[PDB]
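Accompanying notes for the structure given below.
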Amino acid sequence: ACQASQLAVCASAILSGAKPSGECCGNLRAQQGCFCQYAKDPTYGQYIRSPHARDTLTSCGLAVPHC
Ligand SMILES: CCCCCCCCCCCCCCCC(=O)OCC(O)COP(=O)([O-])OC[C@@H](O)CO
């Protein structure tokens with residue numbers, strides 16, 4: 001299922017713009033199909049939709065979706 005809480009391993013990058021860890025990027029790579037659903041989360045979606053989250057994808061070499 002797509003639960004935002006799955007992104008905890010990337011929280012520093014999403015919340016602060018920190019360079020993402022390798023483990024973060026590997027988790028993001030696996031979980032790409034959830035990204036537009038994560039972006040709709042009422043609690044965390046504001047962070048998921050942010051520039052820091054987008055920058056995290058790009059730092060990980062992943063496409064930024066058009067949700
Ligand atoms: C690290 C992963 C990043 C993934 C990035 C995906 C790129 C996101 C691009 C823009 C996304 C737009 C998606 C639609 C977001 C939206 O606003 O609709 C959401 C929605 O209907 C569900 O909840 P919500 O209304 O966002 O709730 C927000 C808030 O007010 C509740 O606290």
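A note on labels: chains of the structure tokens are A, B, ... as shown, every chain counts residues from 1, and ligands are counted from 1 in their shown order.
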Note to self: Please return, as a ChimeraX atom specification, all residues of chain A that DSSP assigns to helix (DSSP H, G or I) on the basis of the backbone.
What the structure shows: /A:4-16,22-30,32-38,45-48,51-59
Note to self: Residues near residue 39 in chain A, anyone? I mean within 12 Å using only C-alpha atoms, not counting same-chain ones fewer than 3 positions away, as a ChimeraX atom specification.
What the structure shows: /A:2-4,7,14,32-36,42-50,53-54,64-67
Could you please take those selected residues and save N, CA, C and O atoms as a compact mmCIF listing (two decimals), in the first residue's frame?
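Okay, selection_18.txt is ready:
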# COMPACT_ATOMS: atom_id res chain seq x y z
N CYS A 2 0.29 2.44 -0.32
CA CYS A 2 1.11 3.68 -0.40
C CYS A 2 0.84 4.44 0.87
O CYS A 2 -0.26 4.97 1.08
N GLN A 3 1.79 4.35 1.78
CA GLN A 3 1.77 5.06 3.04
C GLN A 3 3.00 5.95 3.12
O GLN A 3 4.13 5.51 3.05
N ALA A 4 2.73 7.23 3.29
CA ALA A 4 3.78 8.22 3.42
C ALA A 4 4.85 7.94 4.42
O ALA A 4 6.01 8.34 4.31
N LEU A 7 8.40 6.84 3.75
CA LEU A 7 9.40 7.82 3.40
C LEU A 7 10.25 8.28 4.57
O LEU A 7 11.05 9.17 4.41
N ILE A 14 13.57 15.32 2.47
CA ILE A 14 12.24 15.89 2.17
C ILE A 14 11.94 17.12 2.97
O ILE A 14 11.34 18.05 2.47
N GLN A 32 8.56 4.53 -6.48
CA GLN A 32 8.13 5.56 -7.38
C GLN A 32 6.64 5.50 -7.68
O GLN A 32 5.97 6.54 -7.81
N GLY A 33 6.09 4.30 -7.90
CA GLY A 33 4.68 4.19 -8.28
C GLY A 33 3.74 4.78 -7.26
O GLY A 33 2.61 5.07 -7.60
N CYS A 34 4.19 4.96 -6.01
CA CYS A 34 3.37 5.61 -5.00
C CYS A 34 3.47 7.11 -4.97
O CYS A 34 2.76 7.74 -4.18
N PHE A 35 4.37 7.73 -5.73
CA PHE A 35 4.69 9.14 -5.47
C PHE A 35 3.48 10.07 -5.54
O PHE A 35 3.28 10.92 -4.66
N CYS A 36 2.62 9.95 -6.56
CA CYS A 36 1.47 10.83 -6.70
C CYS A 36 0.43 10.55 -5.63
O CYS A 36 -0.28 11.45 -5.22
N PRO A 42 -3.03 13.78 3.36
CA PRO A 42 -3.41 15.01 4.04
C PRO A 42 -2.43 15.49 5.05
O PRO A 42 -2.27 16.67 5.25
N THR A 43 -1.76 14.57 5.73
CA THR A 43 -0.84 14.98 6.81
C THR A 43 0.53 15.45 6.29
O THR A 43 1.06 16.44 6.73
N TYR A 44 1.10 14.69 5.36
CA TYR A 44 2.47 14.92 4.90
C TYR A 44 2.59 15.41 3.49
O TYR A 44 3.68 15.74 3.04
N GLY A 45 1.47 15.47 2.82
CA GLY A 45 1.51 15.87 1.44
C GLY A 45 2.16 17.22 1.22
O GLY A 45 2.85 17.44 0.21
N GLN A 46 1.98 18.19 2.11
CA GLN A 46 2.60 19.51 1.99
C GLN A 46 4.14 19.41 1.83
O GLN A 46 4.76 20.16 1.09
N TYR A 47 4.74 18.43 2.50
CA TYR A 47 6.20 18.22 2.43
C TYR A 47 6.55 17.48 1.16
O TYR A 47 7.56 17.75 0.49
N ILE A 48 5.74 16.50 0.82
CA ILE A 48 5.96 15.68 -0.36
C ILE A 48 5.88 16.50 -1.65
O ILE A 48 6.56 16.20 -2.60
N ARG A 49 5.04 17.53 -1.65
CA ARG A 49 4.86 18.40 -2.79
C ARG A 49 5.88 19.53 -2.87
O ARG A 49 5.88 20.27 -3.86
N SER A 50 6.75 19.67 -1.91
CA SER A 50 7.62 20.82 -1.77
C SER A 50 8.81 20.77 -2.68
O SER A 50 9.22 19.73 -3.14
N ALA A 53 11.37 18.10 -1.64
CA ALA A 53 11.04 16.73 -2.08
C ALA A 53 11.39 16.54 -3.54
O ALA A 53 11.95 15.52 -3.92
N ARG A 54 11.04 17.50 -4.37
CA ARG A 54 11.42 17.46 -5.79
C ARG A 54 12.93 17.41 -5.98
O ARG A 54 13.42 16.61 -6.81
N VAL A 64 10.81 13.41 -11.83
CA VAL A 64 9.78 14.06 -11.06
C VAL A 64 8.45 13.88 -11.81
O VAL A 64 8.32 14.30 -12.97
N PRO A 65 7.47 13.26 -11.20
CA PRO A 65 6.21 13.03 -11.86
C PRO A 65 5.42 14.30 -12.03
O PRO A 65 5.51 15.19 -11.19
N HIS A 66 4.58 14.28 -13.07
CA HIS A 66 3.52 15.24 -13.29
C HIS A 66 2.24 14.61 -12.75
O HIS A 66 1.47 13.92 -13.44
N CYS A 67 2.01 14.87 -11.50
CA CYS A 67 0.82 14.38 -10.80
C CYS A 67 -0.43 15.17 -11.11
O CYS A 67 -0.40 16.18 -11.85
Check: Hey, which of A:38, A:8, A:62, A:1 ends up closest to ligand 1? Count only C-alpha atoms and all ligand atoms.
Finding: A:38
Write out as a PDB file with C-alpha atoms, in the first residue's frame the residues lying within 9 Å of residue 27 in chain A, counting only C-alpha atoms and excluding same-chain residues fewer than 3 positions away.
ATOM      1  CA  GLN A   6       7.406   4.671   4.118  1.00  0.00           C
ATOM      2  CA  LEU A   7       9.395   7.815   3.395  1.00  0.00           C
ATOM      3  CA  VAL A   9      14.269   6.984   5.630  1.00  0.00           C
ATOM      4  CA  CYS A  10      14.196  10.146   3.394  1.00  0.00           C
ATOM      5  CA  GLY A  22      21.966   6.026  -0.731  1.00  0.00           C
ATOM      6  CA  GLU A  23      19.346   4.058   1.196  1.00  0.00           C
ATOM      7  CA  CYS A  24      16.889   6.866   0.796  1.00  0.00           C
ATOM      8  CA  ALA A  30      11.391   1.185  -5.491  1.00  0.00           C
ATOM      9  CA  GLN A  31       8.464   3.303  -4.359  1.00  0.00           C
ATOM     10  CA  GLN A  32       8.131   5.560  -7.376  1.00  0.00           C
TER      11      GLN A  32
END
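The coordinates place CA of residue 58 in chain A at 15.1 Å from CA of residue 12 in chain A.
With CA of residue 13 in chain A on one side and atom 30 (O, counted along the ligand's line) of ligand 1 on the other, the separation reads 21.2 Å.
The spacing separating atom 32 (O, counted along the ligand's line) of ligand 1 from CA of residue 11 in chain A amounts to 17.2 Å.
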